[PDB]
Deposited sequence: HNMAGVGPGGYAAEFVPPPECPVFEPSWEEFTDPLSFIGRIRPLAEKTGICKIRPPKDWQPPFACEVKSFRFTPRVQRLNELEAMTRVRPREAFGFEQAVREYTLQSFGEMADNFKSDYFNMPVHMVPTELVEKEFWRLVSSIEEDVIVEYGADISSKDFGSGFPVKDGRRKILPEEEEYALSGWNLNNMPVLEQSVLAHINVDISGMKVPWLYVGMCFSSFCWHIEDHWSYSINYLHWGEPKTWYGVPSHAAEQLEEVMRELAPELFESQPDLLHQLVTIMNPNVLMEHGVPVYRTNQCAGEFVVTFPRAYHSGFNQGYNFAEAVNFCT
């Protein structure tokens, strides 16, 4: 009855030579990675961009997430009122997040095995006897708060040691984002234990790339694009009737589904733990979902080839 972890997605460890151009590298690994939907890329050991967000002034109001909101829908008094959220700094959010996780598991946050957090996450999502509520930061533009990468924009100070990172093609501010036609900037994610995102693809079936600047790992699940329609059919068969008819862009706001359910219906699913300093790439029309193991900070952008 415990969750069965999907097989691991490919992890690549490029040489310095392979690491010069991200689009060339992604094009070369595509024959394998597009068959798994997601892959993980570990930069060379010495590639360590400094964290460039203005942490002192970094303030944000997280949103609240109830893990079992869908299963709970199987009329509670005064529904719609979450209590409420307050404004945090990055530091005070992290204090809240660590206290939550260490209290939840009764152990220091870094001693909780990633497989236990995963098993407990999926138990909680389906449990009606236990309502767990977490908070996270998303819908956070790097244009308002600053990028996690140094940028030669004249707004902060680049040190000489930072300049190579401001100019690197793996700096997500330097990824190509313009689609060709006859006719964006990176976003930031502040996670805590159990905060999660449900199954979705990107607009225009775009690639996406995500960098975990620091913190505890981010656990991902990915489905290759060749199984996109099978995943959509399982969702339709098993989603609530009230939401079955909804357009994809709205339905993707509530498409939470245990990976084992998809696997039981023949949908291939792969997993990974993205750790600090690692990239995850999602391929075009590769459904993905995931959750955070603890307090962390990621940056992501949709790019075009």
* Where does the model skip over parts of the deposited sequence? -> 1 to 12, 87 to 89, 199 to 208
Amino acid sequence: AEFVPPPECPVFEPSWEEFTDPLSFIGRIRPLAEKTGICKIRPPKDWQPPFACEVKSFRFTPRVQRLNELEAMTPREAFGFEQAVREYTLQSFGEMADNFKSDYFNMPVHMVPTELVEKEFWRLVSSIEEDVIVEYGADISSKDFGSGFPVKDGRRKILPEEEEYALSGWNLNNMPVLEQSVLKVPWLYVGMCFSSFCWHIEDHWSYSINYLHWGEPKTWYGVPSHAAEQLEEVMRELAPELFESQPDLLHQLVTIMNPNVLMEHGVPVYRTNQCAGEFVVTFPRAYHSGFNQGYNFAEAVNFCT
From here on, numbers count along this sequence of modelled residues.
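Between two forms, the rigid core is defined as the largest C-alpha subset superposing within 1.5 Å.
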* To do: Please indicate which stretch deviates more in 9 other deposited structures of this protein: 108 to 116 or 144 to 152, judged by C-alpha RMS distance after a core superposition?
  => 144 to 152
* To do: Find the stretch among 135 to 143 and 159 to 167 with the larger RMS C-alpha deviation in 9 other deposited structures of this protein, all structures being superposed on the shown form by the rigid core.
  => 135 to 143
* To do: Could you settle it for me: does 111 to 119 or 81 to 89 have the higher average Cα B factor in the PDB entry?
  => 81 to 89
* Mean Cα B-factor comparison, 248 to 256 or 57 to 65, giving the higher one as deposited -> 57 to 65
* Asked: From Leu167, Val177, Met96, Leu159, which pick has the Cα B-factor that tops the rest in the entry?
  -> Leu159
* **Deposited CA B-factor, highest of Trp220, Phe145, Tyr189, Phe197** => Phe145
* Looking at the C-alpha B-factor of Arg76, is it in the lowest, middle or highest third of its chain? -> highest
* To do: Could you tell me which third, lowest, middle or highest, the C-alpha B-factor of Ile128 occupies within its chain?
  => highest
* **Ranked against its chain, the third holding the CA B-factor of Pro224** => lowest
* Within-chain third of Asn173 by Cα B-factor, per the entry -> middle
* Chain-wide C-alpha B factor ranking for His204, given as lowest, middle or highest third -> middle
